[PDB]
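Coming up, as structure tokens: structure 1 and structure 2, two forms of one and the same protein chain.
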Structure 1
């Protein structure tokens, strides 16, 4: 019915000790060194001198004070008002006569809080202040994580209070402020927080892995520059040939697959692991081997098991017993769908589109491969889907960048 946190170490950290995968990692970072050397040489050729401009990151992270102010107000809101609302509701529930009306009132209050304060704020800051595209993504990912963990907090703390008031003890098991402040930075996503912990904080370890994140970000940056610039920077003498389109979906796979592997590694492994060992909770793995995945169910099961666990437990179970319809084969097909749309939302704000190639891509993916060789099929479909989504998104982004076309129903499909 619940989840057990066991203190096993991260999978990739245990696996990276073997010398072969060690050499794969060294090959990756040698490729990065080659990238930076090629970039410095190209800059020294083009400008003659004065290397290391770093222009794309300056354009993508422009209004950074606005972003950090938005994050400050976001964090203080999601830290203060849900806790205070739950305190008031628990007191008014356990104190006096029939609180079912009061319970529905507080439930509406929390619903409007989450919806208003955590959609309107984060979404309308973007649509009002006209942020850079990458600076929208950080705050929208933050709002998604915050609403997920707030819903987790409430859904975990409701039934305990319910059963304790049914037992009718004045000692209401309300959570404290410090453990909530801890969970707000926890790498997990369920309010049953890191009661299993780590003994000490290896500061060399956290420094190494945080610098690893800081390096992987520049690896993403150099990948974007050296591959997404030559393939996409306004080669728009429109042939509309299927040859050019298939060559884009071919040539964008290497940047696509490198970005996917690298961002998996960076974000999950070292980002979370830095905020794990810095927070004394490195006591849970957050991804099994997603390459060892023949069927689709397993692939979703062990890619970013944080999101998978949150979605599975809360969405699957609660949203399932709420319906228990005659067609329960969609028990996953439903949640993935909204997952799709939330990813669509994640690509709706920062891209200023709604072009749902990820949505229909996921639908074709699932409805085609739900009905060892399966591992090869999974890898080839992953390459092709990654490549097509990357080429389509970059192509539409630069085609709308070509002409502003001043409701965005499928724009820039014609080369402007």
Structure 2
């Protein structure tokens, strides 16, 4: 059925990481991580005498931080007040008069030019006018598309209900506040309260997400930054770009895994415990995923739920009755254009090919294991080609940005 429910709980990681063999693999994994840090620390301290621990990268990357705090505050206050009060005025006075669609067409036009103007251009103009550095710029573009999705969902959940006619009004402001911080993008007034907020648990989960952030940063500074200096000096057409595309693969895997674990698990469980959200199904077991059609297991639940429910369903509605291939390629086109936009205005670079070649690589990987081929040779081949293929297109994107798009 179409909707959202609270069956799954507590996380898919927490479920496994107390099963004896997998728990002890996880404690060995943590033991290997902390010994990797202590090795790198005290073997480059005793050898050089510095204990450098360079805080150069993040100090530049976050750069103008008070301007992103200020524009996040006015963007939050906008998305909290003007969609709420505009929809409140609408629903209350719908069919008292205006038998033609004139009232709705005018009002929904005012809502659109709000969303495209204020919430589309306001973040994009303040981020490009001051020429924001990419990490602080990323936060503004990330939170922009978040608030655009929440504003769309809040008017998409309540607009079919009022027009099918008594006339169900807008929710309480005390529950709309809750939704704008809730671990989801689909609007509900139904969120089951777990018994209590564990203050020691959210202190531990915030220690975990800041621990994972500083670990990622430390590995990035120590292994990916010297690569970024030597692709910086002689960038153009070197055949020793091959040297570092065969040297960034293992750090690339560890950054992928710790960024996933930090943001999809530690962050969302900390916030979900403070709010007592209850669902906590924030990701599926992606690694077991085999193909796109029916049996896709997305690594990010909340984005796929929004994308399917509010793009696809309404695309298959208007387009045609049996061109389901035309509707799935239209969801790929909507995904491609918002991703290419997001990464392009984030990295100050138009290069549209990244997402569509990711989906061609996903077609290849899915194809080689979806012909009923369980055989571990094909699964090992899929994993090595996935890690190598992602590292190739990532450093080719970084090269094309840094060389041929820097020089004229």
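Positions refer to the first chain, counted from 1. In this text, rigid core is short for the largest set of C-alphas that superpose within 1.5 Å between two forms.
Once you line up the core, how about residue 221: does its CA shift reach 2 Å between the two structures?
After core superposition, the C-alpha of residue 221 moves less than 2 Å between the two structures.
Once you overlay the rigid core, does the Cα of residue 304 travel 2 Å or further between the two structures?
Comparing forms between the two structures, the residue 304 CA shifts below 2 Å.
When you overlay the rigid core, is the Cα of residue 66 off by 2 Å or more between the two structures?
No; that C-alpha moves by less than 2 Å between the two structures.
Core superposed, what is the CA shift for residue 24 between the two structures, in angstrom?
With the rigid core fitted, the alpha carbon of residue 24 is displaced 4.2 Å between the two structures.
Cα shift between the two structures at residue 329, which is computed once both forms share a superposed rigid core (Å)
Comparing the two forms, residue 329 shifts 1.2 Å at C-alpha.
Could you check how much the CA of residue 239 shifts between the two structures after a rigid core fit, in angstrom?
So the C-alpha of this residue moves 8.4 Å.
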